[PDB]
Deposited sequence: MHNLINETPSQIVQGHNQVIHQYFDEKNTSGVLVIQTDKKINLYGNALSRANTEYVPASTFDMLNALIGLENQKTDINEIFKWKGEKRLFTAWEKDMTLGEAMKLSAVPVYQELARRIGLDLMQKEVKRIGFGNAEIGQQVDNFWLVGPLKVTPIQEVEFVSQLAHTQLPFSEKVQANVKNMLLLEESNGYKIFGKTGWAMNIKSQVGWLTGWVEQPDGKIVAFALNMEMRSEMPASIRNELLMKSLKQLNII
């Protein structure tokens, strides 16, 4: 069941910011859509840095890296030695590009097709297909992927999935944990912003989300997290 959720308030959150966006929520066997541009939920976009979740899974599963490896730029914040988990937190593109080159094109295409992530097209450049195309994915497809990660239902080892989940913890309070990954594809004709993840409630219940919106260069990166938290509170998910 995919349905519009009844929410006047979340539509207004997107409107106030003069942006077009959608929030996709998956619980149990229900997907609900919120926001002011619900047609975005079935629209294909580059995954941008959200692909780091799948890149990490493939690399760990195939023993191209491990969680303790120290990998020795656009942002000064990237200009340092770091682990795969620290690269996840910082969205350090060059670390993920190095991992992708280790995986190589043959393995990468085989794995993305096996998973069926989005359109599953990687083309011929192994180091940037998730940033500039041809790989594209819908917000509904992203919520389904991350819900499977959260439930350890992807077709990877249980330990590898647990290790990637542990890299994704964003916030917690009152026993609720929020896991996820941001992405932003800048310097294109319509900028796309992502925040895809899940809430783990105190009893262990999982509520998955994918926020997908049009970005502007004037916005702070944190607008994605702010809109997500306001929306999740409004829905009583946190």
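Gaps in the model relative to the deposited sequence occur at 1-10, 83-87, listed in sequence order.
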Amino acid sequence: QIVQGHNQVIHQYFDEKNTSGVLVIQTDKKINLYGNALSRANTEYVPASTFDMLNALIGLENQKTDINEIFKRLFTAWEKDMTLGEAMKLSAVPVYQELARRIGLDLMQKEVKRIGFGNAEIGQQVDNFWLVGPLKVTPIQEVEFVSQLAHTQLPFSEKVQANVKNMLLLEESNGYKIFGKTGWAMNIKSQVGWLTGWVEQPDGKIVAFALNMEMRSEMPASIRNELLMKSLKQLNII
From here on, numbers count along this sequence of modelled residues.
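192-200 and 36-44 differ in mean CA B-factor, and the higher of the two is recorded for 36-44. For the pair 62-70 and 183-191, the mean B factor over Cα atoms is greater in 183-191. Reading the B-factor column for the CA atoms of 163, 124, 138, 153 in the entry, the top value corresponds to 124. Taking the deposited Cα B-factors for 101, 110, 159, 89, the highest one is held by 101. In the PDB entry, a CA B factor belonging to the middle third of its chain's modelled residues is recorded for residue 170. Placement of the Cα temperature factor of residue 26 within the chain: middle third of the modelled residues, per the deposited record. Among the modelled residues of its chain, residue 215 has a C-alpha B-factor that falls in the middle third, as given in the PDB entry.
Among all modelled residues in this chain, the alpha-carbon of residue 131 has a temperature factor (C-alpha) in the middle third.
In the deposited entry, the Cα temperature factor of residue 228 places it in the lowest third of its chain's modelled residues.
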